[PDB]
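Working notes, beginning with the structure itself.
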Amino acid sequence: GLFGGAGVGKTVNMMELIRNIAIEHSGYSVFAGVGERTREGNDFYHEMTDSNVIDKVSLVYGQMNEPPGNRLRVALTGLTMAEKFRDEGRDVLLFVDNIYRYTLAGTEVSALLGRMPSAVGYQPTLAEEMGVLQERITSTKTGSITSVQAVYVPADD
Amino acid sequence: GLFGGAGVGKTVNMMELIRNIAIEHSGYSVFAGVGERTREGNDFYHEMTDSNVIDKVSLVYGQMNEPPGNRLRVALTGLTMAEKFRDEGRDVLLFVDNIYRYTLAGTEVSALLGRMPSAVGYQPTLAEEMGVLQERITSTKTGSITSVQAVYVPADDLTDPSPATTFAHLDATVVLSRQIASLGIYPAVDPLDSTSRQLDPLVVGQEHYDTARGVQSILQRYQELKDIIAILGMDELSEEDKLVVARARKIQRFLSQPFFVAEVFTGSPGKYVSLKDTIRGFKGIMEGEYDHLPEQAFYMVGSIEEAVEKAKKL
Amino acid sequence: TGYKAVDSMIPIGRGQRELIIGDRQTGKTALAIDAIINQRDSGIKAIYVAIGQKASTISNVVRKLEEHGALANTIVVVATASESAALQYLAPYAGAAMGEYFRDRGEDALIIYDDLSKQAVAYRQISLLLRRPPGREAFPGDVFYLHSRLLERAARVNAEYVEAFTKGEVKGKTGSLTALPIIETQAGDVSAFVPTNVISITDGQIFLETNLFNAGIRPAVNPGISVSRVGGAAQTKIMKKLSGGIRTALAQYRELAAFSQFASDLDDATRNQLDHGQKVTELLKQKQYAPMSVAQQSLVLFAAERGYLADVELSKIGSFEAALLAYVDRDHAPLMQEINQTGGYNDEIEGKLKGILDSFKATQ
Amino acid sequence: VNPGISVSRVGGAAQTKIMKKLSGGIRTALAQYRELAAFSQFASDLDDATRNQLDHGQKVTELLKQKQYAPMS
Amino acid sequence: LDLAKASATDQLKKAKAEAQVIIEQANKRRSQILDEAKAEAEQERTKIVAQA
Amino acid sequence: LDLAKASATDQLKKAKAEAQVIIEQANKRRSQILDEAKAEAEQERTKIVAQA
Amino acid sequence: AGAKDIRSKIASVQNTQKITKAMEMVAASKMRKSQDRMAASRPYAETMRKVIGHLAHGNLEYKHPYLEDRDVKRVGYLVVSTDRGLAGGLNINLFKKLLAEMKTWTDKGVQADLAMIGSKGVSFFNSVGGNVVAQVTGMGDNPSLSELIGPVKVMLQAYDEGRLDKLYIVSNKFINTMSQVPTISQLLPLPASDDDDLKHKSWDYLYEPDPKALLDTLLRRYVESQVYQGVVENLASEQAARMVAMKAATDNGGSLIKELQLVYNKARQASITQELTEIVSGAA
Ligand SMILES: Nc1ncnc2c1ncn2[C@@H]1O[C@H](COP(=O)(O)OP(=O)(O)OP(=O)(O)O)[C@@H](O)[C@H]1O
Ligand SMILES: Nc1ncnc2c1ncn2[C@@H]1O[C@H](COP(=O)(O)OP(=O)(O)O)[C@@H](O)[C@H]1O
């Protein structure tokens with residue numbers, strides 16, 4: 001869990017992670033995001049040049065207007081990816097964007113079901129999806145299945 | 001708009017409303033009863049007759065027993081009739097009350113209609129009715145129609161779209177309240193929120209405009225003081241507070257006023273009260289000028305002098 | 001925007017949507033009205049929308065429209081008390097239609113939507129009318145998508161609008177779309193799933209305090225309860241420069257406030273925190289109708305910059321003698337040409353700021 | 001944990017002459033060092049009553065804590 | 001003493017009157033400015049509602 | 001010397017003081033007028049544009 | 001709670017009643033030590049008057065300097081004032097009656113001269129205005145005659161100088177433990193004790209000096225230790241009603257606890273109510 005406000009050099013330190021997870025660590029350093037600001041995402045392509053090391057991680061993005069399934073989709077294919085990296089032994093360590101997008105995302109999900117959803121209509125099993133989640137991320141046999149844990153603050157609940 | 005449920009003096013306040021109404025009446029107008037106490041209509045009507053007043057004014061009469069179909073029924077009669085008058089009499093004017101009867105009727109109807117009641121039961125779309133009619137009314141080129149009305153405040157439920165939705169259509173909001181009743185003021189109502197949209201500090205000047213702003217403050221002033229005064233008693237206060245609460249009991253009381261119609265409800269008639277004086281004494285207690293007159297003399301006060309005539313005697 | 005503080009709290013730029021909570025019968029429509037001062041003055045591309053509208057408010061409103069110098073600087077179609085719950089939902093959809101002919105024009109598109117609840121319970125009496133189980137308040141939860149699709153559009157000027165307008169006959173160019181939110185509720189209730197999720201989407205959130213204009217202070221709003229993300233980045237170098245101390249008295253004054261909590265607790269230092277806090281509090285105001293000069297930006301930077309912290313410290317002399325400094329502009333306001341021209345921090349000016357304060361001695 | 005706010009049906013019912021008998025006076029005395037501490041701050045000068053109690057109960061109170069992975073003989 | 005307080009006195013009050021005059025210059029100066037403003041404004045208005 | 005000096009400074013001071021006091025008062029008058037005048041011009045434009 | 005409020009709140013009312021209960025206790029021990037201590041200061045002043053007469057029968061045949069106290073220009077005055085809080089309202093009782101007496105001197109119209117002791121009425125008569133040639137303040141609980149010295153010969157001038165004919169002397173006291181005596185005196189009277197000045201000193205006391213000196217300074221001693229006693233009793237009153245008010249404030253919050261009992265209890269019922277409401281509604 002990552003709690004901190006601003007001025008992180010999170011992109012800087014990410015370059016230290018390039019300088020680490022890519023460099024000072026070998027294990028395949030992947031990351032992904034969703035729900036950003038358009039040209040500010042393009043400015044994270046600018047930053048992608050700042051680190052320049054963007055080559056470690058495919059660029060796959062949500063752009064939050066993406067519908068709820070669209071918004072909530074990318075992960076398990078992400079496991080078709082660590083199905084390389086960790087599975088590739090080059091330990092999958094992939095940076096993890098957005099919980100509020102994911103928390104609220106599963107909310108909009110079980111809502112759309114009209115089902116008895118989780119409390120306050122959230123995704124009932126979203127937590128079980130966390131059991132599947134950490135269930136995915138382990139220093140593995142294959143390669144350490146690792147993830148940068150930082151949350152779109154589910155309203156910083 | 002006239003808020004308050006009935007029992008609030010929504011009508012009994014509306015009594016003096018008929019007094020000074022008459023005072024200013026001087027127009028071509030008509031009115032009618034709805035969901036009303038019967039003999040109220042009987043002898044009240046017999047006051048119109050007593051006033052010989054029914055001349056310009058025909059009255060349908062609804063009673064508390066009425067049919068809902070009757071209740072909401074008299075509406076379209078209002079429609080066609082106004083079509084007659086406001087056009088015809090370019091003077092058209094009326095007053096009314098207790099519509100929460102009608103609106104409510106629509107609510108019950110919704111599910112009764114098998115229609116989805118609105119959320120928590122109203123006529124599902126009933127606001128459509130609301131701004132439909134509030135729409136449907138105008139002081140017209142056809143003719144200017146001055147009018148006013150009440151509805152039962154839903155046991156004074158504000159979020160009640162009766163009150164909630166109501167805040168929309170009305171130009172100036174009113175409340176017949178237990179507050180000045182809790183205050184025991186001759187009014188027995190809650191103004192403090194009421195907005196006169198016509199009050200422009202240009203228009204008002206700062207006579208009325210300024211005096212008013214001082215009200216907003218002093219309101220917040222003694223209002224605020226309520227807190228810690230409650231806490232420790234009021235001892236901890238700087239005395240200036242006591243100046244505020246001073247003009248609060250005093251001047252606030254002074255607002256409470258003789259009004260001629262009081263004679264009925266309050267066996268004694270009070271006094272018509274002119275506004276220039278209101279600016280005057282407004283200065284006086286604003287000055288705390290007298291400062292001697294009891295809040296009592298101020299309570300139910302006549303004018304500044306009348307309350308100052310008090311201040312001599314009282 | 002018509003308050004000096006308008007900019008001062010949170011400047012911005014094209015592409016942005018900030019919520020401002022609002023107050024019933026407080027002006028927060030009439031305050032909300034009081035906004036457009038600089039906008040009609042802006043004579044720049046904007047839009048606004050209304051549903052279920054009131055013909056009186058319509059009429060007198062128009063009266064202001066002519067009163068508003070521009071009245072043509074932007075257009076609005078009108079939807080009244082009969083505008084369909086459908087149509088209610090429709091206007092937000094509607095704006096983009098030719099709004100492109102600015103945004104696509106690469107011009108700033110800009111819009112204003114209000115009474116969005118009308119679109120919501122519009123979808124409610126729709127949904128119950130649809131006999132369709134909606135979200136709470138009988139309206140479907142589409143507001144997410146409804147304001148996903150709806151809320152998406154705002155596009156700050158950017159040239160991967162390379163097809164915007166002429167496509168791109170350049171027009172290779174920067175589609176600017178600045179969004180104008182309207183946030184109000186009875187009590188301003190965020191528990192609305194609308195106010196919840198919608199609240200999230202906000203690129204700024206301003207709480208309006210009924211308190212100031214309630215006790216009457218003409219500008220009423222709730223600061224810091226008002227929080228907008230765009231901020232004084234758009235405050236130009238001086239506006240950038242001088243804009244700092246705000247939350248300070250929001251602290252300090254209010255911090256000074258805390259001292260009262262113990263009857264007779266104060267300190268001369270804290271007394272200075274009610275001198276700046278409370279007296280500098282006495283400084284600020286914005287009217288029922290307030291324009292803002294932004295050459296007034298200087299007017300701001302005075303109190304610290306000039307001795308106006310002390311100078312004419314009397315609110316009598318603050319309002320009065322300060323207005324008499326507006327005189328000193330009448331006396332001397334030659335360079336303000338080059339100033340509002342400039343709009344940026346340069347000490348070279350700041351000399352003229354001190355000697356300005358001398359004219360303020362002359363201006364009392 | 002909450003001190004006797006945790007309330008077991010069984011308790012010293014199973015406790016022995018040392019345990020039941022010898023070990024008795026706990027929780028109320030606890031409430032003491034608690035309650036004895038209680039007034040101390042606002043109204044002050046707790047005598048060696050509370051000192052010699054609250055602290056004695058604060059001292060013994062200190063002797064209470066048993067870390068994770070601590071069984072007790 | 002005499003020399004000092006004297007000079008200070010005279011220069012002081014002289015300075016005083018000068019100042020007062022200055023205030024007057026600014027007074028009907030900016031004030032007259034106000035009047036003229038009134039006039040021009042008037043013109044603009046007549047124009048406006050004429051246009052109406 | 002001493003009492004003299006005292007009165008001299010004190011005086012020329014005070015004289016300056018009332019002097020400016022008046023000056024500001026008058027200036028306030030020129031303002032007051034030019035205000036009233038401004039109001040008048042307003043009234044004029046009003047009527048003109050109107051019957052126009 | 002209540003909803004989020006009435007209980008967080010009402011609990012704050014618990015912190016309240018509790019807090020001010022600890023106040024009742026604190027200000028109680030305060031009261032006990034306050035009078036208990038407050039009783040001490042009589043002994044040598046008592047002696048002073050006693051003997052003062054005792055000789056002063058035969059001895060009184062000589063001269064009285066202060067028989068006028070100060071000469072008549074002012075009828076003087078004296079102020080003591082609060083170094084602390086929670087005691088009571090002798091700001092109102094004493095400061096009220098004080099302002100009153102002032103009006104009586106205006107009625108007289110003769111001059112009057114006051115001196116602040118204590119902080120508060122230093123700030124009353126500061127605020128309320130007046131003439132305090134000396135201002136003393138806030139010695140705390142410790143009456144000290146030597147502390148009084150600077151004040152002692154502060155006043156001793158004008159009085160000795162004959163400036164302030166009579167004077168005004170105001171001292172709180174605990175009239176009972178319950179009853180608290182705010183007192184105010186016409187000071188700079190000739191205190192005029194002729195009592196044991198009835199019986200010619202029957203033990204003919206060889207007097208190393210002449211009397212009138214000891215009249216001045218020793219008199220200062222008598223009235224002074226008198227002052228230590230009187231202000232002490234002012235402290236008796238002080239911490240007494242301190243404990244009192246402390247208790248009552250400890251009381252107030254209960255009613256609130258009742259109301260919040262109606263928001264958490266009544267709005268408890270209400271929460272239950274909506275629970276039923278949308279329980280049904282979403283439950284359809
Ligand atoms: N900045 C302001 N200072 C003082 N009064 C203001 C201000 N803005 C608007 N008002 C006042 O508000 C009144 C109109 O109230 P209005 O109905 O606009 O309140 P409201 O706050 O808009 O309610 P809502 O926002 O729900 O419509 C006008 O009389 C106007 O003077
Ligand atoms: N101005 C007033 N003076 C005295 N009593 C009033 C006034 N206004 C309202 N009331 C009180 O309100 C009570 C209810 O009368 P009614 O008009 O039937 O209330 P409502 O209209 O709310 O039913 C009356 O008994 C009356 O005493």
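Every chain in the structure tokens has a letter given in the order shown (A, B, ...), and although residue numbers restart at 1 in each chain, ligands are simply numbered from 1 in the order shown.
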
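Neighbouring residues of ligand 2 at a cut-off of 7 Å, counting only C-alpha atoms and all ligand atoms, are residues 4, 5, 6, 7, 8, 9, 10, 11, 12, 13, 14, 16, 176, 186, 187, 188, 189, 262, 265 and 266 of chain B.
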
Rotated and translated chain F onto chain E by C-alpha atoms, as a compact mmCIF listing (two decimals) with C-alpha atoms, in the first residue's frame:
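Heads up, here's the output in part-v1.txt:
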```txt
# COMPACT_ATOMS: atom_id res chain seq x y z
CA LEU F 1 16.22 77.90 20.87
CA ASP F 2 14.12 80.92 19.92
CA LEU F 3 14.82 81.36 16.22
CA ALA F 4 14.74 77.60 15.87
CA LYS F 5 11.31 77.26 17.47
CA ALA F 6 10.02 80.09 15.30
CA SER F 7 11.10 78.44 12.08
CA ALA F 8 9.96 75.01 13.23
CA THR F 9 6.38 75.93 14.02
CA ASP F 10 6.15 78.33 11.08
CA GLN F 11 7.42 75.59 8.79
CA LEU F 12 5.42 72.53 9.83
CA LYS F 13 2.46 74.84 9.73
CA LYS F 14 3.12 75.98 6.17
CA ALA F 15 3.93 72.44 5.04
CA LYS F 16 0.57 71.34 6.36
CA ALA F 17 -0.92 74.29 4.51
CA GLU F 18 0.33 73.55 1.02
CA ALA F 19 -0.26 69.88 1.75
CA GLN F 20 -3.96 70.42 2.27
CA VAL F 21 -3.91 72.97 -0.55
CA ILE F 22 -2.83 70.29 -2.99
CA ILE F 23 -5.09 67.70 -1.38
CA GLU F 24 -8.12 69.88 -2.00
CA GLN F 25 -6.86 70.70 -5.48
CA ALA F 26 -6.54 67.04 -6.42
CA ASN F 27 -9.84 66.16 -4.81
CA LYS F 28 -11.20 68.90 -7.01
CA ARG F 29 -9.65 67.03 -9.92
CA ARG F 30 -11.17 63.64 -9.05
CA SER F 31 -14.38 65.61 -8.93
CA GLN F 32 -13.57 67.21 -12.27
CA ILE F 33 -13.00 63.87 -13.95
CA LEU F 34 -15.87 61.98 -12.33
CA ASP F 35 -17.94 64.92 -13.51
CA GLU F 36 -16.68 64.61 -17.08
CA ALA F 37 -17.19 60.86 -16.85
CA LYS F 38 -20.69 61.42 -15.55
CA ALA F 39 -21.27 63.60 -18.59
CA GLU F 40 -20.02 60.80 -20.80
CA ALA F 41 -22.37 58.23 -19.27
CA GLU F 42 -25.12 60.75 -19.86
CA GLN F 43 -24.21 60.94 -23.55
CA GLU F 44 -24.24 57.16 -23.71
CA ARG F 45 -27.69 56.65 -22.21
CA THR F 46 -28.83 59.37 -24.57
CA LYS F 47 -27.78 57.59 -27.74
CA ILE F 48 -28.90 54.18 -26.46
CA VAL F 49 -32.43 55.06 -25.38
CA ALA F 50 -32.66 57.07 -28.59
CA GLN F 51 -31.87 54.61 -31.38
CA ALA F 52 -33.71 52.14 -29.19
```

Residues within 8 Å of ligand 1, counting only C-alpha atoms and all ligand atoms, as a PyMOL selection string: (chain B and resi 195-200) or (chain C and resi 22-34+184-186+210+213+216-220+286-290)

Pull N, CA and C atoms from the residues just selected and write them as a compact mmCIF listing (two decimals), in the first residue's frame.
```
# COMPACT_ATOMS: atom_id res chain seq x y z
N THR B 195 -37.97 35.84 1.65
CA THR B 195 -37.26 36.74 0.76
C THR B 195 -38.25 37.60 0.00
N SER B 196 -38.11 38.91 0.16
CA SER B 196 -38.80 39.85 -0.70
C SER B 196 -37.86 40.11 -1.86
N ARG B 197 -38.20 39.58 -3.03
CA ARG B 197 -37.30 39.76 -4.15
C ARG B 197 -37.25 41.21 -4.60
N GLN B 198 -38.20 42.04 -4.16
CA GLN B 198 -38.38 43.40 -4.65
C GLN B 198 -37.60 44.43 -3.83
N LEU B 199 -36.71 43.99 -2.95
CA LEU B 199 -36.16 44.77 -1.85
C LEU B 199 -34.91 45.59 -2.21
N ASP B 200 -34.59 45.79 -3.49
CA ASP B 200 -33.25 46.17 -3.94
C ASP B 200 -32.59 47.25 -3.10
N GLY C 22 -23.88 25.22 -4.27
CA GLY C 22 -24.68 26.41 -4.37
C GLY C 22 -25.83 26.40 -3.38
N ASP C 23 -26.35 27.60 -3.16
CA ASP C 23 -27.25 27.91 -2.06
C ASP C 23 -28.59 28.39 -2.60
N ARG C 24 -29.66 27.79 -2.12
CA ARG C 24 -30.99 28.15 -2.59
C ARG C 24 -31.38 29.53 -2.07
N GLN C 25 -32.03 30.30 -2.94
CA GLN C 25 -32.61 31.59 -2.58
C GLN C 25 -31.58 32.52 -1.94
N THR C 26 -30.31 32.21 -2.13
CA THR C 26 -29.19 32.96 -1.57
C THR C 26 -28.53 33.87 -2.59
N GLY C 27 -29.04 33.90 -3.79
CA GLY C 27 -28.24 34.32 -4.89
C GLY C 27 -27.48 33.22 -5.57
N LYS C 28 -27.26 32.09 -4.95
CA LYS C 28 -26.44 31.14 -5.68
C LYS C 28 -27.02 30.72 -7.03
N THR C 29 -28.26 31.10 -7.38
CA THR C 29 -28.57 31.44 -8.76
C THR C 29 -28.27 32.90 -9.07
N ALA C 30 -28.66 33.84 -8.20
CA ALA C 30 -28.36 35.24 -8.47
C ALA C 30 -26.88 35.55 -8.32
N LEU C 31 -26.23 35.03 -7.30
CA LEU C 31 -24.78 34.94 -7.33
C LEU C 31 -24.35 34.22 -8.60
N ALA C 32 -24.89 33.01 -8.81
CA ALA C 32 -24.60 32.30 -10.05
C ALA C 32 -24.84 33.21 -11.24
N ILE C 33 -25.86 34.05 -11.14
CA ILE C 33 -26.02 35.11 -12.13
C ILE C 33 -24.85 36.08 -12.05
N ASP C 34 -24.54 36.57 -10.84
CA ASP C 34 -23.54 37.61 -10.69
C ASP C 34 -22.23 37.25 -11.36
N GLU C 184 -25.42 22.61 -7.15
CA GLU C 184 -26.21 23.13 -6.05
C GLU C 184 -27.12 22.02 -5.57
N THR C 185 -27.40 22.03 -4.27
CA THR C 185 -28.45 21.17 -3.76
C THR C 185 -28.99 21.78 -2.48
N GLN C 186 -30.23 21.43 -2.16
CA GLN C 186 -30.73 21.73 -0.83
C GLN C 186 -29.77 21.11 0.16
N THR C 210 -23.61 29.63 2.68
CA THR C 210 -24.72 30.56 2.81
C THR C 210 -24.43 31.60 3.88
N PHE C 213 -23.19 35.91 2.85
CA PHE C 213 -24.39 36.63 2.44
C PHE C 213 -25.57 36.31 3.33
N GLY C 216 -25.11 38.27 5.67
CA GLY C 216 -25.26 39.30 4.68
C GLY C 216 -24.01 39.58 3.88
N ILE C 217 -22.85 39.08 4.31
CA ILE C 217 -21.63 39.43 3.62
C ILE C 217 -21.79 39.02 2.17
N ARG C 218 -21.75 40.01 1.28
CA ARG C 218 -22.36 39.88 -0.03
C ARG C 218 -21.82 38.63 -0.68
N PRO C 219 -20.52 38.56 -0.93
CA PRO C 219 -19.95 37.28 -1.30
C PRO C 219 -20.16 36.31 -0.16
N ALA C 220 -20.83 35.19 -0.45
CA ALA C 220 -21.21 34.24 0.58
C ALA C 220 -20.30 33.03 0.72
N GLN C 286 -16.80 40.95 -2.07
CA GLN C 286 -17.31 40.93 -3.43
C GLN C 286 -18.81 41.13 -3.34
N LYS C 287 -19.35 41.95 -4.23
CA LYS C 287 -20.69 42.50 -4.05
C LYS C 287 -21.76 41.48 -4.40
N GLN C 288 -23.02 41.93 -4.37
CA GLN C 288 -24.09 41.17 -5.00
C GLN C 288 -23.88 41.12 -6.51
N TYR C 289 -23.45 42.23 -7.09
CA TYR C 289 -22.90 42.25 -8.44
C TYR C 289 -21.49 42.79 -8.35
N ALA C 290 -20.50 41.93 -8.52
CA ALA C 290 -19.10 42.34 -8.47
C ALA C 290 -18.42 42.03 -9.79
```

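For the pair CA of residue 268 (chain C) and CA of residue 354 (chain C), the separation is 27.3 Å.
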
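For the atom pair formed by CA of residue 127 (chain G) and CA of residue 166 (chain G), the distance is 23.8 Å, given to one decimal.
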
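Take CA of residue 18 (chain G) and CA of residue 92 (chain G): the distance between them is 27.6 Å.
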
For chain C, which residues have at least one atom within 12 Å of chain G, if we go by only C-alpha atoms? Write them as a PyMOL selection string, please. chain C and resi 132-138+262-264

Please write the residues from the selection above to a file, keeping N, CA, C and O atoms, as a compact mmCIF listing (two decimals), in the first residue's frame.
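Now in selection26.txt:
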```
# COMPACT_ATOMS: atom_id res chain seq x y z
N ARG C 132 -39.54 1.10 -14.92
CA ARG C 132 -38.24 0.48 -14.97
C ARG C 132 -37.51 0.75 -13.68
O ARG C 132 -37.42 1.92 -13.27
N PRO C 133 -37.01 -0.27 -12.99
CA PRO C 133 -36.31 -0.01 -11.75
C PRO C 133 -35.09 0.85 -12.01
O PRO C 133 -34.17 0.47 -12.74
N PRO C 134 -35.06 2.00 -11.42
CA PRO C 134 -33.93 2.90 -11.62
C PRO C 134 -32.95 2.81 -10.48
O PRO C 134 -33.13 1.99 -9.57
N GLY C 135 -31.94 3.66 -10.47
CA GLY C 135 -31.18 3.83 -9.25
C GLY C 135 -32.07 4.48 -8.22
O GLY C 135 -33.25 4.76 -8.48
N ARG C 136 -31.53 4.75 -7.04
CA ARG C 136 -32.28 5.45 -6.03
C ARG C 136 -32.73 6.80 -6.58
O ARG C 136 -32.15 7.31 -7.54
N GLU C 137 -33.81 7.32 -6.02
CA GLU C 137 -34.48 8.53 -6.52
C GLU C 137 -35.12 8.29 -7.88
O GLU C 137 -35.21 9.20 -8.71
N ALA C 138 -35.52 7.05 -8.12
CA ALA C 138 -36.31 6.64 -9.27
C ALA C 138 -35.65 7.00 -10.58
O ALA C 138 -36.27 6.85 -11.64
N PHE C 262 -12.11 30.29 24.27
CA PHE C 262 -11.95 30.64 25.66
C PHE C 262 -12.22 32.13 25.80
O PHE C 262 -11.52 32.95 25.19
N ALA C 263 -13.25 32.49 26.55
CA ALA C 263 -13.59 33.89 26.73
C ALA C 263 -12.37 34.62 27.26
O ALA C 263 -11.77 34.22 28.26
N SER C 264 -11.98 35.69 26.55
CA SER C 264 -10.84 36.52 26.93
C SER C 264 -9.53 35.74 26.90
O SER C 264 -8.77 35.73 27.88
```

Extract, using only C-alpha atoms, all DNA, RNA and protein residues at most 7 Å from region 47-64 of chain D, discarding same-chain residues fewer than 4 positions from it, and format them as a PDB file with N, CA and C atoms, in the first residue's frame.
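The result, stored in around_4.pdb:
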```
ATOM      1  N   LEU D  30      -8.189  -3.188  38.920  1.00  0.00           N
ATOM      2  CA  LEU D  30      -7.851  -2.621  37.625  1.00  0.00           C
ATOM      3  C   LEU D  30      -8.615  -1.329  37.396  1.00  0.00           C
ATOM      4  N   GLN D  32      -9.814   0.522  39.440  1.00  0.00           N
ATOM      5  CA  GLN D  32      -9.142   1.484  40.294  1.00  0.00           C
ATOM      6  C   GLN D  32      -8.010   2.196  39.579  1.00  0.00           C
ATOM      7  N   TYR D  33      -6.887   1.510  39.338  1.00  0.00           N
ATOM      8  CA  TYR D  33      -5.732   2.182  38.747  1.00  0.00           C
ATOM      9  C   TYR D  33      -6.150   2.983  37.534  1.00  0.00           C
ATOM     10  N   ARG D  34      -7.068   2.427  36.753  1.00  0.00           N
ATOM     11  CA  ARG D  34      -7.798   3.207  35.770  1.00  0.00           C
ATOM     12  C   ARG D  34      -8.470   4.402  36.427  1.00  0.00           C
ATOM     13  N   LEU D  36      -8.413   5.457  39.331  1.00  0.00           N
ATOM     14  CA  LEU D  36      -7.488   6.209  40.167  1.00  0.00           C
ATOM     15  C   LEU D  36      -6.660   7.155  39.320  1.00  0.00           C
ATOM     16  N   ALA D  37      -6.156   6.671  38.189  1.00  0.00           N
ATOM     17  CA  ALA D  37      -5.573   7.581  37.220  1.00  0.00           C
ATOM     18  C   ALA D  37      -6.567   8.655  36.817  1.00  0.00           C
TER      19      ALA D  37
END
```

Non-local contacts of residue 177 (chain C) (12 Å; only C-alpha atoms; under 2 positions in same chain excluded) as a ChimeraX atom specification: /C:13-17,45-47,95-96,99-112,151-158,161,164,174-175,179-180

Would you mind listing, as a compact mmCIF listing (two decimals) with C-alpha atoms, in the first residue's frame, all residues of chain B that have at least one atom within 8 Å of chain C, where only C-alpha atoms are what counts?
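Generated file (part-v3.txt):
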```
# COMPACT_ATOMS: atom_id res chain seq x y z
CA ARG B 115 -49.18 4.43 -11.70
CA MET B 116 -45.86 4.12 -10.04
CA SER B 118 -43.38 8.98 -7.11
CA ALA B 119 -40.34 8.21 -5.03
CA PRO B 124 -44.71 9.88 -10.07
CA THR B 125 -44.20 13.05 -12.12
CA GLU B 128 -45.32 18.30 -13.80
CA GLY B 131 -44.87 23.92 -12.56
CA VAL B 132 -47.69 23.02 -14.90
CA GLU B 135 -46.69 27.86 -15.25
CA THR B 195 -37.26 36.74 0.76
CA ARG B 213 -28.14 43.87 6.54
CA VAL B 215 -30.69 42.34 10.63
CA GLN B 216 -28.72 39.59 8.91
CA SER B 217 -25.86 40.26 11.29
CA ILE B 218 -27.71 40.83 14.57
CA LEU B 219 -29.62 37.72 13.65
CA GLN B 220 -26.31 35.94 13.45
CA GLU B 236 -18.54 34.64 29.87
CA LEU B 237 -19.74 37.21 27.34
```

Let's see if you can do this: from backbone DSSP, list all alpha helix (DSSP H) residues in chain D, as a list in words. residues 26, 27, 28, 29, 30, 31, 32, 33, 34, 35, 36, 37, 38, 39, 56, 57, 58, 59, 60, 61, 62, 63 and 64 of chain D

Residue 51 (chain G) surroundings by only C-alpha atoms, 12 Å radius, close-in-sequence under 2 positions cut, as JSON, numbers by chain: {"G": [44, 45, 46, 47, 48, 49, 53, 54, 55, 56, 57, 58, 59, 60, 193, 194, 195, 196, 197, 198, 199, 200, 201, 202, 203, 205, 211, 214, 215, 218, 219, 222]}

Residue neighbourhood residue 85 (chain G), 9 Å, only C-alpha atoms, exclusion window fewer than 2 positions, as a VMD selection string: chain G and resid 82 to 83 87 to 88 238 242

Keeping N, CA, C and O atoms, export the residues of the selection given above as a CSV table (one decimal), in the first residue's frame.
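Output contents, as saved in again_24.csv:
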```csv
chain,number,residue,atom,x,y,z
G,82,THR,N,-9.2,39.9,40.3
G,82,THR,CA,-9.0,38.5,40.1
G,82,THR,C,-7.7,38.1,39.5
G,82,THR,O,-7.3,38.7,38.4
G,83,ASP,N,-7.0,37.2,40.1
G,83,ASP,CA,-5.8,36.6,39.5
G,83,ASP,C,-6.1,35.3,38.8
G,83,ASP,O,-5.3,34.7,38.1
G,87,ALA,N,-14.2,31.3,40.4
G,87,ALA,CA,-14.7,31.6,41.7
G,87,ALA,C,-16.1,32.0,41.7
G,87,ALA,O,-17.0,31.2,42.0
G,88,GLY,N,-16.4,33.3,41.3
G,88,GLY,CA,-17.7,33.8,41.4
G,88,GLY,C,-17.8,35.1,40.7
G,88,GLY,O,-16.9,35.5,39.9
G,238,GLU,N,-13.9,32.9,47.1
G,238,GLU,CA,-13.4,32.7,45.8
G,238,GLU,C,-13.5,31.2,45.4
G,238,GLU,O,-14.4,30.7,44.7
G,242,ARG,N,-16.2,29.0,43.4
G,242,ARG,CA,-15.5,28.3,42.4
G,242,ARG,C,-15.9,26.8,42.3
G,242,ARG,O,-16.4,26.4,41.3
```

Counting only C-alpha atoms, which residues in chain A sit no more than 8 Å from chain C? For each one, give the nearest pair of atoms and the distance in Å, sorted by chain then residue number, as CSV.
```
residue,atom,partner,partner_atom,distance
A:39,CA,C:158,CA,8.0
A:65,CA,C:148,CA,5.7
A:67,CA,C:145,CA,7.2
A:155,CA,C:200,CA,8.0
```
